[PDB]
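Engineer: sharing an experimental structure here, sequence included.
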Amino acid sequence: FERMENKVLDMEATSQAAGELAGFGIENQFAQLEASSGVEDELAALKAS
Amino acid sequence: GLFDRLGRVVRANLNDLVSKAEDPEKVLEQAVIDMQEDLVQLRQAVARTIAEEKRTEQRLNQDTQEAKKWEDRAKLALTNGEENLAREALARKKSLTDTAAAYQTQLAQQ
Amino acid sequence: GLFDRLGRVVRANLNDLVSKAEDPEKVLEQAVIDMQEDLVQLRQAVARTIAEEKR
Amino acid sequence: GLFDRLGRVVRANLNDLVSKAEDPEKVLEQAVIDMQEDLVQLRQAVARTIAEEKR
Amino acid sequence: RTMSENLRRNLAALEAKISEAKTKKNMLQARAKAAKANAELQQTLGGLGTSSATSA
Amino acid sequence: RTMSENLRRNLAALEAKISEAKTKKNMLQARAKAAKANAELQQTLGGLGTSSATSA
């Protein structure tokens, strides 16, 4: 029975990939990266004052 | 009789009246919304497919580290001078290593 | 038969009448209030996740 | 169907009629009186917290 | 010792056939559900026919 | 002493498998509830489709 519940673990693993069939992936989170690196750049430029 | 082939052309008169309405998009929408409900299950099916692929992949990872454990208990045996236990561990790993190869082929098709 | 594809375009006539109403925000509100109830549980789920992380 | 998104905009018509009433304070009062009953227990909770701190 | 070792052949066969049948259960079930999706991909190539049915 | 020490192997195995199963219970339960939330994050990527259903 526990092993069947591990197949629910495989279902959640499927579900985290599933956004890609909906056209969501790393290309979305990549924006927050390009942004957050820019946030560190401007906070560094501020503290350089 | 000819009246049946006439039946196609009088239904084509109706088809002319409804074509003259010219609001085509409405069925385009119908088509794409029906496929969206399927698509969420379809991506789920892809995910299930990947999930068997993964459950197998972690298994193969678990196998290949367990194969090292038998080789490690064999290294202990070899360095101790316990070759009988090294050969027991040698049987265990070979059995595992071939099952690992089977899972590798199962993943390859997956 | 063609009458079914006509069914999409006559429902598009209705869609024109309701589009002509032009008060779009009301559904925008519906969308964001539904997600707020989920969001309080969603943050809770994040918190549960952190809670296992903490324990 | 479009009629559901129209449902948000016809409820927005009602929202316009009630906004036009312009007597906003009444709900401001509701909000602050509800929190006062909680606040007396909330300060009590702070006090309980301090009380364990004191004991 | 002679017949006992033949019992070890027999037991080695029992575990081999049973364990292999278990990996067949995984492979076949997975392949079956996967095949239902792949059949739906063929049907989705057929979905182009279902849109054609009013594209006219 | 010889067979008794094999009972110590056996007891060491009992506690090892049981204790590991207890940490699996924590990890799996946590991972399961977490996965329900992560599935709701995939669904929230799908929430963009639910708004699209009247954004038209």
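Structural biologist: Looks like it arrived, so ask away. Residues are numbered from 1 along each chain as shown, chains lettered A, B, ... in the order given.
Engineer: near chain F, which residues of chain B?
Structural biologist: Within reach of chain F by Cβ under 8 Å from any Cβ of the partner chain, chain B has these residues: B:29, B:36, B:40. (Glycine included, C-beta is placed from N, CA and C.)
Engineer: can you give me the distance of the closest residue in space to the last one that isn't next to it in sequence to residue F:39?
Structural biologist: Here the nearest residue to residue B:40 in space, its sequence neighbours aside, is residue F:46; by Cβ to Cβ, 6 or more residues apart in numbering or on different chains that works out to 7.1 Å. For residue F:46, the distance to residue F:39 under the criterion Cβ to Cβ, to the nearest Å works out to 10 Å.
Engineer: kindly report the same for residue E:47.
Structural biologist: Taken as Cβ to Cβ, the span from residue E:47 to residue F:39 is 27 Å.
Engineer: so what's residue 17 up against?
Structural biologist: Looking at chain A here, since you left the chain open. Going by Cβ atoms under 8 Å, 6 or more residues apart in numbering or on different chains, residue A:17 touches B:46, B:47, B:50.
Engineer: mind putting the residues you listed into TSV with neighbour count?
Structural biologist: As requested, the contacts of residue A:17 are exported to TSV (neighbours: other Cβ atoms under 10 Å in any protein chain shown):
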residue	neighbour count
B:46	18
B:47	26
B:50	19
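Engineer: of those, closest to chain C?
Structural biologist: residue B:47 (20.0 Å; Cβ to the nearest Cβ).
Engineer: burial check on residue B:20, number of neighbours?
Structural biologist: When neighbours are counted by other Cβ atoms under 10 Å in any protein chain shown, residue B:20 registers 7.
Engineer: that one and chain C: what is the separation?
Structural biologist: 10 Å (Cβ to the nearest Cβ, to the nearest Å).
Engineer: got it, and residue A:27?
Structural biologist: Separation of residue A:27 from chain C (Cβ to the nearest Cβ) stands at 23 Å.
Engineer: what's around that residue, how many residues?
Structural biologist: Using other Cβ under 10 Å, the number of residues around residue A:27 comes to 9.
Engineer: tell me the centre residue of chain A?
Structural biologist: For chain A, the residue nearest the mean C-alpha position is residue A:29 (5.3 Å; Cα atoms, centre = their mean).
Engineer: just the element for it, please.
Structural biologist: Element membership for residue A:29 (DSSP states H and E) is helix A:26-47.
Engineer: now swap in residue B:41 and tell me
Structural biologist: Using DSSP H and E, residue B:41 falls in helix B:25-80.
Engineer: show me what that helix is packed against.
Structural biologist: Contacts defined by 3 or more Cβ pairs under 8 Å, 6 or more residues apart in numbering or on different chains; DSSP states H and E place helix B:25-80 against helix A:2-18, helix B:83-109, helix C:2-19, helix E:2-45, helix E:47-55.
Engineer: what's the neighbour count on residue A:20?
Structural biologist: Neighbours of residue A:20 (other Cβ under 10 Å): 17.
Engineer: next, give phi and psi for it.
Structural biologist: Backbone torsions for residue A:20, taken as degrees, to the nearest 10, come to phi -70, psi -30.
Engineer: what residues does it make contact with?
Structural biologist: Contacts of residue A:20 by Cβ under 8 Å, 6+ apart are residue B:43.
Engineer: how near is whichever residue of chain E sits closest to chain D to residue B:24?
Structural biologist: For chain E, the residue closest to chain D is residue E:54, as judged by Cβ to the nearest Cβ, at 18.7 Å. Separation of residue E:54 from residue B:24 (Cβ to Cβ): 9 Å.
Engineer: ditto for residue A:28
Structural biologist: 33 Å.
Engineer: who's more crowded, those two?
Structural biologist: residue B:24 (14 against 11).
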